[PDB]
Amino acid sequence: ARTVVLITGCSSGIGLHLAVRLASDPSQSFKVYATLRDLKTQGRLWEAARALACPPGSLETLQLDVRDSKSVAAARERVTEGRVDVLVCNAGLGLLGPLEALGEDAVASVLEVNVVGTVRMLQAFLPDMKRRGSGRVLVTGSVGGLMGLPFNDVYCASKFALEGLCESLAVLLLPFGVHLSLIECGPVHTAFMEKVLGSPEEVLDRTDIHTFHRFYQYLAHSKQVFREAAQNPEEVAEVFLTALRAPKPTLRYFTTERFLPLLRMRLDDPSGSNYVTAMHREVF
């Protein structure tokens, strides 16, 4: 009962943090369906849930594989309330390394999960929301979906894709009463994030010494930005709640304002020259 919320990718990151934040809310007004690709990773969620003493029945875990429309439909049947008021499309994958070093299947997976996965969720849940004339969909964005970043080619491709998919739907949904918002996250404190970055030899034999040397420089710079600007998951997760509660929500919510100046010079020059130059000088 209550405001039924369904979130994808709750085994860590803002997803897990958002589920427990909702389920543990003092008002006890949200019933939460935290979905995970592999249930064997539900431990963290439950330990975090017990840590915030979430009332029994405010949090339920479902196995949902966004790469499978059959998994998406089945999970939709498990929603006992037979209604979803807030859908949070959060599941996502990252990809780092020179374009030529990335395996084809890896590239195919990031699009499949990040973009198509979100398409599968919306196809399954959008119809009913339009029929009711109400619903809210929140999508986890990234400033990497607002500007291109070296060595994150395919990652930015998928995030830029969400921006376009969402802006299009938004124009159409305006009259149907269903709201759609993107939460533009900058870097969020994920120790695992700063540890995933770092690939010597394996990358070296699949690229050239000059691209490799550039990858190193990018990694060094990346570590700096993360350290000096990574936000608390609690700060980010709360933005999801600000959007979620806004009577007339905007299409975009920015969790931080530090990256806004770099985005402005990106439009003052539609030819992309200024940006490409500024970003290169700053990263190299």
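Residue numbers run from 1 along the displayed sequence.
Annotation for 92 to 100 versus 74 to 82: the higher mean temperature factor (C-alpha) is found in 74 to 82. According to the PDB record, 197 to 205 carries the higher mean C-alpha B-factor of the two stretches 105 to 113 and 197 to 205. Across the options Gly141, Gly135, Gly186, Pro175, the residue with the most elevated CA B-factor in the record is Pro175. When the C-alpha B-factors of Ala246, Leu59, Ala48, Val236 are ranked from the entry, the top spot goes to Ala246.
In the deposited entry, the Cα temperature factor of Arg252 sits in the bottom third of values across the chain's modelled residues.
When the CA B factors of the chain's modelled residues are split into thirds, the value for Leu18 lands in the lowest one. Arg131 sits in the highest third of its chain by CA B factor, as recorded in the PDB entry. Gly272: CA B factor in the middle third of modelled residues in this chain (values from the PDB entry). Per the deposited record, the Cα B-factor of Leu241 falls in the middle third when ranked against the other modelled residues of its chain.
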